[PDB]
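We begin with a single chain expressed as structure tokens, specifically the form deposited in one PDB entry.
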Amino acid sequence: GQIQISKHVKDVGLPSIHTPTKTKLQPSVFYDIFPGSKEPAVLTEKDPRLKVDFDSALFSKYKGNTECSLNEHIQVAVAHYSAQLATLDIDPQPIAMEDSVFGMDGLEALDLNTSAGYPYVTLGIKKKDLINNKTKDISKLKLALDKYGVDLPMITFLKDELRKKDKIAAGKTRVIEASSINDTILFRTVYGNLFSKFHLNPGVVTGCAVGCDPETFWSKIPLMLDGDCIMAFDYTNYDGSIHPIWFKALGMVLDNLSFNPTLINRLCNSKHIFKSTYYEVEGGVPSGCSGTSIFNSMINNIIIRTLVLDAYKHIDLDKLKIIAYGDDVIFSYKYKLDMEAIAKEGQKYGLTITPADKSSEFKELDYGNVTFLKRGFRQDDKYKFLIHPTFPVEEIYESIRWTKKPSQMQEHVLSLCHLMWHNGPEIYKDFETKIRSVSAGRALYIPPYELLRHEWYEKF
């Protein structure tokens, strides 16, 4: 996206916003027993590890929009995907505010711990002041919605997380844009029935994987994505590279389903505060707020359709099976397509597509080497039809080496075990032994391989 406006906060009647500058990340008890090189992302200009201007390296996410327009192919992609989603018969009416706050079927309750955004972050007001979870009373919230209204600036926080070592000195730390609670509630109100239907129906009709459980969903993917050709590739800066035309296209699908097609352009043309600067961006999807993962998935469905259409012009879209989780996508067609040919068609829209898993060349894929949500695919030993989701061993080793809270170590390690065992008993037994070499790991419950495997069979 492109920065259209940039102003000092004191010149437009706004205050400075103060965002956490120190990491909660700390070496854990397993730091010296597992290998790794990730460190907490730089969170401030004064970090001694920096070797670059911090504010410039963050604002490089925004480097212009390519000159392009709607075409017939994007248009047929819109009509095809729309007719597919109509199959679901989503209720276009808004949901009650009670359901937006405390949830309903397919819509998780609002997180009451994260920031409430502008203006509440400057007023000493948190979410639990607006919403009482004990009584389910939202009277304070309703007054704050009336008083402050909607379409408020997003606060851009810096994501406190582990990063590869080369991204530390280069000041390459991710930005998340926490929208106001006022606006998250508006988006849930308008689009809540769509969000619910997607979460409850991950697969090839929504074209979306949000709300899936990889443990059981992995077995279904080969059934859904039939056709001789399994395809996947990676995007460079997906969120930032999405031109305004893809929001018009998304607006058109929402309109075909009788949903508000306009609220969406507040994501496209967005307003922000970072520290002491107010700024506005045209293009790009704000990373980390209202319906982000679903809207990105829907947009990816449009892109993949139009890109295949641009590269090949006797295509049958009924046979182009797609599953997307935001920027991450896997798809199939009834016969072999050239992924390089399809990727090249992205350039004219301002999309940058490289081969999957940081590969050198665009090569053919099968389920033996394809990745989705960081995971590979491996047939079970006894039942070859059940597919293990395979989480990278390296990412588990780096994760275990750090904590944000030592008290919740039992939960942290158990989560890692549930990921790890899918890579096989040999790698899992090595994992267990290293954990039990220190006395803090001796104190934990570490599930045996056989109980994990038996528990998994029973989830199906």
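The numbering used is simple: start at 1 and walk along the sequence shown.
Trainee: Higher average CA B factor in the deposited record is what I'm after, so tell me if that's 254-262 or 106-114.
Mentor: According to the PDB entry, the answer is 106-114.
Trainee: Mind pulling up the entry and telling me whether 339-347 or 199-207 has the higher mean Cα temperature factor?
Mentor: It is 339-347 that shows the higher mean C-alpha B-factor.
Trainee: Going by the deposited entry, which of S415, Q408, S399, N423 has the highest CA temperature factor?
Mentor: Comparing C-alpha B-factors across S415, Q408, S399, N423, the top value belongs to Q408.
Trainee: Compare the CA B factors listed in the entry for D137, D239, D328, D318 and report the winner.
Mentor: If I rank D137, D239, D328, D318 by C-alpha B-factor, first place goes to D137.
Trainee: Within this chain, which third does the Cα B-factor at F247 fall in: lowest, middle or highest?
Mentor: Within its chain, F247 is a lowest-third residue by C-alpha B-factor, going by the deposited values.
Trainee: Within this chain's modelled residues, let me know which third the CA B factor of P392 belongs to: lowest, middle or highest.
Mentor: CA B-factor rank for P392: lowest third.
Trainee: Relative to the other modelled residues in the chain, which third contains the C-alpha temperature factor of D228: lowest, middle or highest?
Mentor: Highest third of the chain for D228's C-alpha B-factor.
Trainee: Taking the chain's C-alpha temperature factors as the reference, tell me which third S82 falls into: lowest, middle or highest.
Mentor: According to the entry, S82 has a C-alpha B-factor in the chain's lowest third.
Trainee: What third of the chain does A41 rank in for C-alpha temperature factor, lowest, middle or highest?
Mentor: CA B-factor rank for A41: middle third.
We do not show the form solved in complex with a small molecule, though everything after this point is about it.
Trainee: Examine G368 and determine whether its closest non-hydrogen atom to the small molecule in the deposited bound form is within 4.5 angstroms.
Mentor: Close contact exists here: in the deposited bound form, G368 approaches the small molecule to within 4.5 Å, heavy atoms only.
Trainee: With the partner left out of view, is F377 within 4.5 angstroms of the small molecule in the deposited bound form by any non-hydrogen atom?
Mentor: Residue-level check for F377: yes, a contact with the small molecule.
Trainee: Determine whether any heavy atom of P94 comes within 4.5 Å of a heavy atom of the small molecule in the deposited bound form, and answer yes or no.
Mentor: Heavy-atom contact with the small molecule at 4.5 Å: absent for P94.
Trainee: Can you tell me if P222 lies within 4.5 angstroms of the small molecule in the deposited bound form, counting non-hydrogen atoms only?
Mentor: The answer is yes: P222 has a heavy atom within 4.5 Å of the small molecule.
Trainee: Could you tell me which one of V190, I304, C268, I387 places a heavy atom within 4.5 Å of the small molecule in the deposited bound form?
Mentor: If I apply the 4.5 Å criterion carefully, the residue I get is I387.
Trainee: Among 124-132, 202-210, 341-349, 360-368, which stretch sits within 4.5 Å of the small molecule in the deposited bound form, heavy atoms only?
Mentor: Only one stretch passes the 4.5 Å heavy-atom test: 360-368.
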